[PDB]
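Student: Sharing a structure, written as structure tokens. Questions coming.
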Ligand SMILES: Nc1ncnc2c1ncn2[C@@H]1O[C@H](COP(=O)(O)OP(=O)(O)OP(O)(O)=S)[C@@H](O)[C@H]1O
């Protein structure tokens, strides 16, 4: 049933947008995987990369952690622009918790570009700039590290 | 180890970077790694996975 | 016979238009060369008014200075808090600017959508009328309350079910009224430098009171990612002092000009008794789930953008499903549309609705702790 939800709710927007238009509904924006770290999460994104050809895009988590500051937000915008160039956009990020952090409630210090890439990731992602050619894949180990 | 105190976390960022470049999405190859710990119950199940 | 006058007029047209347009772009780019007189400035913000002609500015990497104006830069405009452009050599103030900072205030401010009708799901019995009194009527006339002398109704709490009286069925009259409808999901106050909580309370109100009758709306009063503990270790007075400074800048000590509070939640566990006094939550209200005919309402408005035959049994979906959520009927419509996508039909048959009943109402039953009311 997870393969059902996966294929029948991501690959059918890749091939049938009008089938949503003949009925008068709208495909969801944002699909999230979570659970124990052994059930196979990366495998499903790789099965997407195999059995679909609509511009698979991996994105590793702590690669977005930057030191030359200002690069990861630009990089996410580059990723969506590049996958926009090949309009059906299979977009996957692993360890979203490694960039989407619970905003820590403490003083004196703090890495900043996690927040910058977080704000720009949610900006490029959804809400602001909506588009029906974003197919959001993400998988994490834990859920209670994340933001509402 | 993280709740509403917000202290030491950057080493965990380094270690998640280690997991990322270590295993999953084209791992090592002809590399054999031995690890050791006196404290197995302080490990992460992002490395306990076979 | 004299088309050489038009071979001269055409030479005029072509050659003069081309050379004049090349020399016109050369005029504007000689002005771009003249911009090698307009050679750079600095930008800082006025931190205070030192003397009437002096100001302390803020180099954004570092130190603080003493400046003046150019000559006539309106020294009353340059209040502490404005941003100015600073000179490069003389370092003094050249030109004022707008802006301000982090979009966690902004992305909850005016990302705020609206509903396409007052009846986005249904059940508008006390909703239209009492929300109308608590917002719109004393903003139209404060003198009626000035027969008594009190601020406008201090705001209900939309509690009850999580999703028919929590986030849905909250923006009914808000769609109609359209005055100062911002969002506060109340995770944006639990900050990093933990005393930025009260500063962003100031940033909430002192940015709000412009659209003069303000709508202070707060979904999910105590919201951060996860669940909550009890009166022991650190599930503690963050909420209490933060909420009392909220209530401080809401009413009691500081407010101004017919601002309407609206609280709307049932999720938080730890709340102030002084939150619960008449004067800050002077009136409160309750919402049922549906009364089974508001089920019929939310279904008959959820039976919207669906190609059908006009035979969809509303009584069967109303009585046979028990979701008690406009979002549940949203899932019903979604999966019934997917089961018209399945079997390849444009129309969503009533049996696709009952397939939605079965699958959606069974996956619905994978939830525990189906109850929420604070205190
Ligand atoms: N259905 C399956 N069939 C075969 N092997 C599977 C299956 N599910 C999981 N696996 C195995 O489990 C591992 C894949 O899981 P993971 O690589 O951990 O996915 P994941 O994204 O890494 O999950 P986490 O939370 O990130 S560790 C590999 O060893 C796979 O061979």
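Protein chains in written order, with this note's numbering: chain A, 1 to 148; chain B, 1 to 50; chain C, 1 to 375. Here a beta-carbon is modelled for each residue, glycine too, at the ideal position from N, C-alpha and C.
Relative to the C-alpha of residue 190 of chain C, which candidate in C:204, C:173 and C:238 has its C-alpha closest?
Tutor: The shortest Cα separation from residue 190 of chain C among C:204, C:173 and C:238 belongs to C:238.
Student: Helix, strand or coil: which one does DSSP assign to residue 110 of chain B?
Tutor: Here chain B has residues from 1 to 50 only, and residue 110 of chain B is not among them.
Student: Going by Cα to Cα distance, which pick from C:223, C:205, C:270 and C:250 is closest to residue 232 of chain C?
Tutor: Of the candidates C:223, C:205, C:270 and C:250, the one whose C-alpha sits nearest the C-alpha of residue 232 of chain C is C:270.
Student: Examine chain B for any beta-carbon lying closer than 8 Å to the beta-carbon of residue 147 of chain A, and answer yes or no.
Tutor: It does not; no Cβ of chain B falls within 8 Å.
Student: Can you find the residues in the same chain that come closer than 8 Å, C-beta to C-beta, to residue 69 of chain C, ignoring five residues on each side of it along the sequence?
Tutor: 53, 75, 78, 92 and 93.
Student: Within a Cβ cutoff of 8 Å, which residues of the same chain sit near residue 133 of chain A, ignoring the five residues on either side of it in sequence?
Tutor: Within the same chain, residue 133 of chain A has close Cβ partners 84, 87, 88 and 89.
Student: Taking just the CA atoms, how far does residue 32 of chain B sit from residue 197 of chain C?
Tutor: Each residue's Cα considered, the two are about 50 Å apart.
Student: Give me the Cα-Cα distance between residue 319 of chain C and residue 225 of chain C, rounded to the nearest whole angstrom.
Tutor: About 35 Å.
Student: To test your reading of the DSSP string, which unbroken alpha helix (DSSP H) runs of 4 or more residues are found completely within the segment 3 to 50 of chain A?
Tutor: DSSP runs (the alpha helix (DSSP H)) wholly in the segment 3 to 50 of chain A: 18 to 21.
Student: Taking the DSSP output, what are the residues bridged to residue 64 of chain C?
Tutor: Partner(s): C:58.
Student: Any heavy atom of ligand 1 closer than 7 Å to the CB of residue 58 of chain A?
Tutor: No; taking the cut-off as 7 Å, the Cβ of residue 58 of chain A has no heavy atom of ligand 1 nearer than that.
Student: Check the C-beta distance from residue 211 of chain C over to residue 180 of chain C and give it rounded, since I have them as a contact under 8 Å.
Tutor: Between residue 180 of chain C and residue 211 of chain C the Cβ distance is about 4 Å, and since that is below 8 Å, they are a contact.
Student: Going by the DSSP bridge assignment, what does residue 96 of chain C pair with across the sheet?
Tutor: Note: residue 96 of chain C sits in a beta bridge opposite C:84.
Student: Can you pull the chain B neighbours of residue 141 of chain A, defined as C-beta to C-beta under 7 Å?
Tutor: Near residue 141 of chain A (Cβ distances below 7 Å), the residues of chain B are 46.
Student: Taking just the CA atoms, how far does residue 152 of chain C sit from residue 278 of chain C?
Tutor: Cα-Cα distance, rounded: 12 Å.
Student: For my contact list, residue 137 of chain A and residue 45 of chain A are in at a C-beta cut-off of 8 Å; report their separation, rounded to the angstrom.
Tutor: Contact holds; Cβ gap of about 6 Å.
Student: Closest to residue 312 of chain C by C-alpha separation, out of C:353, C:43, C:172 and C:267, would be which residue?
Tutor: Out of C:353, C:43, C:172 and C:267, C:353 has the C-alpha closest to the C-alpha of residue 312 of chain C.
Student: Looking at the secondary structure, which residues open and close the alpha helix (DSSP H) in which residue 27 of chain C lies?
Tutor: Taken as a continuous stretch (DSSP letters only), the alpha helix (DSSP H) holding residue 27 of chain C covers 17 to 34.
Student: Since residue 289 of chain C and residue 317 of chain C are thought to touch, with beta carbons under 8 Å apart, how far apart are those beta carbons, to the nearest angstrom?
Tutor: About 15 Å; that fails the 8 Å criterion.
Student: Please report the straight-line C-alpha distance between residue 51 of chain C and residue 42 of chain C, rounded to a whole angstrom.
Tutor: For residue 51 of chain C and residue 42 of chain C, the distance between alpha carbons rounds to 22 Å.
Student: Measuring from the CB of residue 47 of chain A, is there a heavy atom of ligand 1 at a distance below 7 Å?
Tutor: Every heavy atom of ligand 1 is 7 Å or more from the Cβ of residue 47 of chain A, so no.
Student: Which residues in chain B have a C-beta closer than 9 Å to the C-beta of residue 1 of chain A? List them in chain order.
Tutor: Neighbours of residue 1 of chain A on chain B: none; closest Cβ ~24 Å, over 9 Å.
Student: Given this structure, state the Cα-to-Cα distance separating residue 140 of chain C from residue 176 of chain C, to the nearest angstrom.
Tutor: C-alpha separation (whole angstroms): 15 Å.
Student: Between the segment 115 to 122 of chain A and the segment 67 to 85 of chain A, can you find at least three pairs of beta-carbon atoms closer than 8 Å?
Tutor: Touching, yes.
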